[PDB]
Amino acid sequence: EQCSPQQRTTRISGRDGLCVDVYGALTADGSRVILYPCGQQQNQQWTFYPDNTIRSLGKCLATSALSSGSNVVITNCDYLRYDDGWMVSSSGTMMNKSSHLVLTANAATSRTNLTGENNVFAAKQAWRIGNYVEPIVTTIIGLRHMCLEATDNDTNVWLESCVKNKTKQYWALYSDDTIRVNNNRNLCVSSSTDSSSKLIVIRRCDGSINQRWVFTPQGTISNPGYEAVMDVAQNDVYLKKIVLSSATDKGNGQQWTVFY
């Protein structure tokens, strides 16, 4: 029955749009998983089953230690028979149910080993399970039916009247939950790094919590790590300031639309 799919094969992409890959297509138990440019190779195909297993090359994705910092690998599924498995959150966090560690690309570069780490909601801990791994190009519409625009030589962001094809009004939504300047994909929308300011700005992508954004069904753009959402300062578009705020029902400044 269609309400109970028995399995589905797909890819998994994350940080910088790279894919979860069983390095070298090795099958030995304990073979590590890394991030690598997406392709059609079998070692990037992950099959999901109702037992909470995620498999490639016939083996199961798994953490390799109870504590943080160790690699994620593939291993004989029979060794996980008495195991709860993985749980994926609605925001793309992939968590070992028992240990609570989450799939992470932790290094300063995404060309790295994947490990099981404590969850902090970093962009480097955000994943898009799905065969279509490309960034999604879109405009982001907010208060007064205006569009978010990258300004000041790609350092700031605020709302301006929507203009079709105005380059700086386009954003690339990545698999790691980043929102990137469409024409300069090394730059990401970021919550403030200065505690004195709540201003959202544009900075070099770095995998941080500041750069992970979730488009929620309720219409907000949420930063899960900071338990806050994007908001138009004082509900006034003319202030040219977008800030991070606790979610509130007062005003319409926390509502946004993705127009792709």
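In this text, rigid core is short for the largest set of C-alphas that superpose within 1.5 Å between two forms. Position 1 is the first residue in the sequence shown; the rest follow in order.
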| query | finding |
| --- | --- |
| Greater root mean square CA deviation, 167-175 compared with 111-119 in 8 other deposited structures of this protein, core aligned | 111-119 |
| Which of 101-109 and 128-136 strays further in 8 other deposited structures of this protein - Cα RMS after rigid core alignment | 101-109 |
| Selected stretch [higher average CA B-factor]: 175-183 or 91-99 | 91-99 |
| Comparing 160-168 with 146-154, the one whose average Cα B-factor in the PDB entry is higher | 160-168 |
| Among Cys60, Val201, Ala228, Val232 - the residue whose C-alpha B-factor is largest in the record | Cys60 |
| Of the residues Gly207, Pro50, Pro37, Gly219, the one carrying the largest Cα B-factor as recorded | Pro50 |
| Third of the chain's Cα B-factor distribution that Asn76 belongs to, per the entry | highest |
| Record-listed C-alpha B factor of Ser190: chain third | lowest |
| Third of the chain's Cα B-factor distribution that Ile242 belongs to, per the entry | lowest |
| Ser4 - which third its CA temperature factor falls in, relative to the rest of the chain | highest |
| Chain third (lowest, middle, highest) by recorded CA B-factor, residue given as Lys124 | middle |
